[PDB]
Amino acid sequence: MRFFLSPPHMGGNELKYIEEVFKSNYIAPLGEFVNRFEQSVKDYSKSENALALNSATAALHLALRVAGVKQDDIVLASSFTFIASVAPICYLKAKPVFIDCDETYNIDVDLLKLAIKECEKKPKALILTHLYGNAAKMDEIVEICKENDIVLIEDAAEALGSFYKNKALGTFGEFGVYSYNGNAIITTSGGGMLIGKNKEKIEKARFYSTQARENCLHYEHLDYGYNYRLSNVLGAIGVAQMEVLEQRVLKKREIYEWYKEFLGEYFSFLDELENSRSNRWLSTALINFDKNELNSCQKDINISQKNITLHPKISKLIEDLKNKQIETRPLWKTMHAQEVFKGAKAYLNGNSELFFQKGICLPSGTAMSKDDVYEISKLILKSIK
């Protein structure tokens, strides 16, 4: 393939810091660059607490554990998301209630109110995805969660570098998670950060992350925990990648603006919320789309596996570009159509399914030039007419 969605983009101080790790001989999930990695996420996000982990999935698992979610507790979540977001609900055997999205790709604010209202019992938490870097309607969701005493866990796994009203996505919730998996805006080759408001709670996540050891020489355990802690070698990568995070954000936004410029007449590019700044982690576009097709229903279902057919120009577009060795992908297939979540409760308004029909993820690698985006865009244009 010539172009991937969002491959690694390295070329900083990664090797240099890794060599410092080798010199230290802390070849372990702890050490100076774990610490520095967490410092850098605090410096950037302005969250006061950060815990370097091996994945954002782990971060969410810990956020939920530390929030006191138990078996059969209700956890609200975004339907329009990647399964990692909600897999931890399954780990804790909590009961997921999935909620459709709005014009930002994120949980719809009125559906949220509906879903909470109709829970058979007070929901304990909400995992809010910020899909593709886009901010959800935070003042509203935050307030709703405050009003209902719902722990907000922002899943900003795709949204490191996104902002709403000058605040880092991740810093509104009690908890925030960022991914540094291989295709994230920056990477540790696999990694994550759990940030949060409560220093005790984060430090409790920290305790869980290293097998729930009491502070003593022998092994003493009042609870059970995990091995979730991030490798210091990978922490080094994290540090060097954090050095270019903002540069990456700035570039992903340029690439999106380019796509808009080359494809604007023929695709719909939904706007980020005024008073936000999406990291545009992937540039996405909707074909044959009118915003007034949104909210074509308001219902709750028990989920069944559902086959959703791509708009024909999307499936052709994917195939055409694949033949020219350009990776594109459908938008995330809603959890409300997934077999894994058979039986679980979901609120629909039609939107996530409609986005899956008409949407596409475009190559958004920050190593691409304008000319790259240009040649990709004209193959996209060739394909559709």
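Sequential numbering from 1, following the sequence displayed.
- Set 47 to 55 against 321 to 329 and average the Cα temperature factors; 321 to 329 ends up higher.
- In this crystal structure, the stretch out of 304 to 312 and 246 to 254 whose C-alpha atoms carry the higher mean B factor is 304 to 312.
- If you compare the C-alpha temperature factors of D100, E261, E203, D223 in the entry, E261 comes out highest.
- Per the PDB record, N148 has a higher Cα B-factor than any other of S278, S283, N148, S79.
- The deposited CA B-factor of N292 belongs to the highest third of values across its chain.
- Per the deposited record, the Cα B-factor of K42 falls in the middle third when ranked against the other modelled residues of its chain.
- In this PDB entry, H61 carries a Cα temperature factor that places it within the lowest third of its chain's modelled residues.
- Ranked against the other modelled residues of its chain, the C-alpha B-factor of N35 as given in the entry falls in the lowest third.
- When the modelled residues of the chain are ordered by their C-alpha B factor, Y228 lands in the lowest third.
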